[PDB]
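Let's start with one chain on its own, the form deposited in one PDB entry, as structure tokens.
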């Protein structure tokens, strides 16, 4: 298939954790970013069949999206906030990698990344 399986949202071999920072990342950061006018392309894994992007997964080897991140947070999949933040950063970077400077989708990622950074600048203790 053109589409690989989506990234795991559970892994019984991996330990779970809940922290105040992870709770914040779900309740405030993700759930607020989700409502942004530019969030829609990033709310689910890229579907290469739907979007007619047969090269997407030929180029992007560590796919990530906010749907996956949300499920991971809901599952307590992450050990800590930094692990979650790394997934957001992978999502943004993938967008810059797959596309070109100035592309509409890149302008969307750039705006979301700024909002994301604003929100994670300060996390709860």
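Basically, rigid core = biggest C-alpha set you can superpose within 1.5 Å across the two forms. Shifts are known only where both forms have a C-alpha. Positions refer to the first chain, counted from 1.
S.K.: On average, which has the higher Cα B-factor in the deposited entry, 90 to 98 or 48 to 56?
M.R.: Looking at the recorded C-alpha B-factors, 48 to 56 comes out higher on average.
S.K.: Check where residue 28 lands among this chain's C-alpha B-factors and tell me if it's the lowest, middle or highest third.
M.R.: Answer is highest: the recorded C-alpha B-factor places it there.
Although it is not shown, the form deposited in another entry is what the next lines describe.
S.K.: Tell me whether residue 18 is among the residues that move between this form and the one not shown (Cα shift of 2 angstroms or more, core superposed).
M.R.: Passes the 2 Å threshold, so yes.
S.K.: Once the core is lined up, would you list the consecutive runs of at least three residues whose Cα atoms each shift 2 Å or more between this form and the one not shown?
M.R.: 11 to 18 is the lone stretch that moves between this form and the one not shown.
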